[PDB]
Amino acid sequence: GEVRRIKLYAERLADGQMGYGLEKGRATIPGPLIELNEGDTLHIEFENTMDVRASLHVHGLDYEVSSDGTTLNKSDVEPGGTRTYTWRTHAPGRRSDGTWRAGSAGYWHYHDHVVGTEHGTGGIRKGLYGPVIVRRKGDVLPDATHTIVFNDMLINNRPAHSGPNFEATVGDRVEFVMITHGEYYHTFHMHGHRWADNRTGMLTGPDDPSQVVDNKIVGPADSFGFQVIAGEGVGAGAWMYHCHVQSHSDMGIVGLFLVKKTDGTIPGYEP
């Protein structure tokens, strides 16, 4: 597959936060979505603009120790410093010993490994996390992708212990990337929608026995994803997603999946 390159910056934002961005002064929490096809190699031209050591570490993908982004493997970045990180991917295939080598495809994530502690406790806390999707040949591609990160008792490090709203139209193929970080377990729930507990979050067919769920227990550095048909069999509406741990939802760990009719309207709701 293709050899690609991107630039990534770790920036200190306002309210003491830390973000990854594709451009100087455009950092977000979560970080930009990185999307690769199995076989693709990505060279990340990383610059740490901060006054503290920072790194880039990735789950799931192939990398050498020289791209671990750890102190252990000397692959974190001094303040103002630069480093090229290399992420490789592979397709599934038959090994010489006759076994099936699992591909890179899945819902993954990248995060800092050296801000605050040697495990990135400070960096993760402040917002140095973002989503990676690795696709298999033939995977169904969505109309939109939305990333929801349960980071301690926050969603996407938003204030007032509350999460973002995502808009779609009835019938849209909407993809969710669901990442968890920090100290606590959570349960991710979405009203009016459900997905498969498997690689793609979609049943392959009637010979896929994967449990169909609307609620999933997640812990720190868990990642999964799924695609739904917005409003399928349920209609347009304000469709709550929330942590289902009762004190978490009560704290305001809640967001809206706003599913509009094709005339742009939505049944009346009271946020």
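Residue indices: 1-based, along the sequence shown.
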**Message:** I need to verify one thing: averaged over C-alpha atoms only, is the B-factor higher for 35 to 43 or for 234 to 242?
**Reply:** 35 to 43
**Request:** Return whichever of 254 to 262 and 19 to 27 has the greater mean Cα B factor according to the PDB record.
**Result:** 19 to 27
**Complete:** Among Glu183, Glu118, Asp197, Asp172, the highest C-alpha B-factor in the PDB entry belongs to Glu118
**Asked** With respect to the C-alpha temperature factors reported in the PDB entry, which of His189, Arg136, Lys74, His111 ranks highest?
**Response** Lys74
**Message:** Looking at the temperature factor on the CA atom of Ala221, which third of the chain's modelled residues does it land in?
**Reply:** lowest
**Item:** Third of chain Cα B-factors occupied by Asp62
**Value:** middle
**Message:** Ranking the modelled residues of this chain by C-alpha B-factor as given in the entry, is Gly201 in the lowest, middle or highest third?
**Reply:** lowest
**Message:** Could you place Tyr85 in the lowest, middle or highest third of its chain by Cα temperature factor, using the values in the record?
**Reply:** highest
**Message:** For the chain shown, is the CA B-factor of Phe176 in the lowest, middle or highest third of its modelled residues?
**Reply:** lowest
